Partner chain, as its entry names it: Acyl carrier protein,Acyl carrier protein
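Below, in structure tokens: the form solved without the partner chain, a single chain.
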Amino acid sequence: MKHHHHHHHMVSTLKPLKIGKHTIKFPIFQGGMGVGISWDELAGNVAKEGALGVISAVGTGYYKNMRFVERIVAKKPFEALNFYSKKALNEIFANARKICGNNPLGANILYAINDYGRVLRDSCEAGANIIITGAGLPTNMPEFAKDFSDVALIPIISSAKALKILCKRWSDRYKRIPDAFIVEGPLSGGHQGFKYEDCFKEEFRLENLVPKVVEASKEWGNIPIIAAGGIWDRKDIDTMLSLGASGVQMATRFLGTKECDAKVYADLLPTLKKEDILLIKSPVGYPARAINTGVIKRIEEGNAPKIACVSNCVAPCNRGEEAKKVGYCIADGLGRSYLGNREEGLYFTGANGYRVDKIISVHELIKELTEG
């Protein structure tokens, strides 16, 4: 009909997904994306379409060019209190709800942080239905959630081993177990939960990981398993569901939508070639998949931005130690990209980023992924 709109019906054979007390109409999460990539426009429109919109809680101090920070040094949010800004996260959630209303929303918060519990509690207070946490083994998420018993809790893992450990440790100390698990494979965007040399080993392809995680989940009552990393279209979704996943998490396709809150990607992705997608070191301590542009090119030229830890974004870096060793500050680079700086920004992508040709709307994307 040329153009399908929000008043238009659509038939799907995908089934609604229950995560804790929350139901989403389609078994699809839009993966959280920092810094400033999945905020109110992206996540609110995803949730409007009946998938899980996920607000990234990382680097919210950059929102609206540090509208909600108390102190700025060298155009950066000062310390973790301002880098993970409570007021900004509150405004981002409120603005997403103007679009999606009470439709469920997640908040994504990396475990490797100073202040993890504070940011989790902030996300709950901002109205998140679901907390999603990777980049670490999040054995204590219920510690910080106990005043918000409706919020569902979802660790991101990269092995069946981690599922077993997390369930044991949660069950023993909180008499609770996770509401779902996301298993993230090595074709994903952002940071990988694998050493570099394991990111190319067939052992660790997502289709091998999913059955193992689903099997481990059986002992604990068939906790829903969400497959993530390299899922591009409905064919890949169906493959993962047929392997026992209850749903999928997808990010790179949404990075290529109009509603993405980091507007640079709409310019950058249509030009992106596969040869310019690489795995680089990160001050977070896991490999990161990046676009060979911006600060990465400036480092090679010997023009790298100066490093001085202002935002104190992640504990493994030790206030700049690791940033200086790997050559860049991830907070500074991602914030610059959100602010539109093509020369010194840092840009991330899944392995599939080169397949983005046209920038489409979230509505059109969900229609593509769910029809039939």
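Numbering follows the first chain given and starts at 1. Here the rigid core means the biggest group of C-alpha atoms that line up within 1.5 Å when the two forms are laid on top of each other.
- After superposition on the rigid core, the larger root-mean-square Cα deviation in 8 other deposited structures of this protein belongs to 107 to 115, not to the other of 107 to 115 and 251 to 259.
- Superposing each structure in 8 other deposited structures of this protein on the rigid core shows that the farther-lying of 229 to 237 and 178 to 186, by root-mean-square Cα distance, is 178 to 186.
- The question of which stretch, 150 to 158 or 193 to 201, has the higher mean Cα B factor is settled in favour of 193 to 201.
- As recorded in the PDB entry, 300 to 308 is the stretch of 329 to 337 and 300 to 308 with the greater mean C-alpha temperature factor.
- The residue among 129, 271, 82, 133 whose C-alpha carries the highest B-factor in the deposited model is 271.
- When the C-alpha B-factors of 143, 184, 122, 261 are read from the PDB record, the largest value belongs to 143.
- Per the PDB record, residue ranking by Cα B-factor puts residue 344 in the middle third of the chain.
- Sort the chain's modelled residues by C-alpha temperature factor and residue 78 lands in the middle third, per the entry.
- Remark: residue 49 belongs to the middle third of its chain, ranked by C-alpha B-factor as recorded.
- When the modelled residues of the chain are ordered by C-alpha B-factor, residue 283 sits in the lowest third.
- In the deposited entry, the Cα temperature factor of residue 362 places it in the lowest third of its chain's modelled residues.
There is another form of the same protein, the form solved in complex with the partner chain; it is not shown, and what comes next is about it.
- The partner is absent here; in the bound PDB entry, the one residue of 165, 177, 277, 199 having a heavy atom within 4.5 Å of the partner chain is 165.
- With the partner omitted from this view, the residue of 293, 239, 139, 90 that lies near the partner chain in the bound PDB entry is 139 [heavy atom within 4.5 Å].
- Using a 4.5 angstroms limit between non-hydrogen atoms, residue 95 is distant from the partner chain in the bound PDB entry.
- Contact between residue 235 and the partner chain in the bound PDB entry is not found at the 4.5 Å heavy atom cutoff.
- Proximity of residue 169 to the partner chain in the bound PDB entry: non-hydrogen atoms within 4.5 Å are present.
- Among heavy atoms of residue 173, some come within 4.5 Å of the partner chain in the bound PDB entry.
- Listed stretches are 154 to 162, 98 to 106, 293 to 301, 242 to 250; the contact stretch with the partner chain in the bound PDB entry is 154 to 162, by a heavy atom cutoff of 4.5 Å.
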